[PDB]
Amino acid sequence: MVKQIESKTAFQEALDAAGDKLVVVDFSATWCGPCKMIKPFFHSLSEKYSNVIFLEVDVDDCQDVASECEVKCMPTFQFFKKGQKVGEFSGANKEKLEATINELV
């Protein structure tokens, strides 16, 4: 439902396999309280929006992905369509996460 990415190769393949669908990526870390706080809501959105792909990337598992995607903040949500980054924000803001989706899908 939320699917855990555990390599760059898996990241890239997920973006490919998504086709035209919006992909939402949660970049998180175990030291980030707010990241843990929003995980259930992220999962909720994955169940609500079966037309959107939801991915989790733990920055300490995938330092390369975090670095190549220019992640700076915890959590960061990035948004992709057809392999291209179309949005990003930081912070555990539930309404913003949903309003950004509502804008991009």
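One rule holds for the numbers: they count along the sequence shown, beginning at 1.
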If you average the Cα B factors in the entry, which is higher, 43-51 or 63-71? 43-51
Hey, which bit's got the bigger mean C-alpha B factor in the entry, 52-60 or 26-34? 26-34
Lowest, middle or highest third: where is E95 by Cα B-factor in its chain? middle
Which third of the chain does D20 land in by C-alpha B-factor: lowest, middle or highest? highest
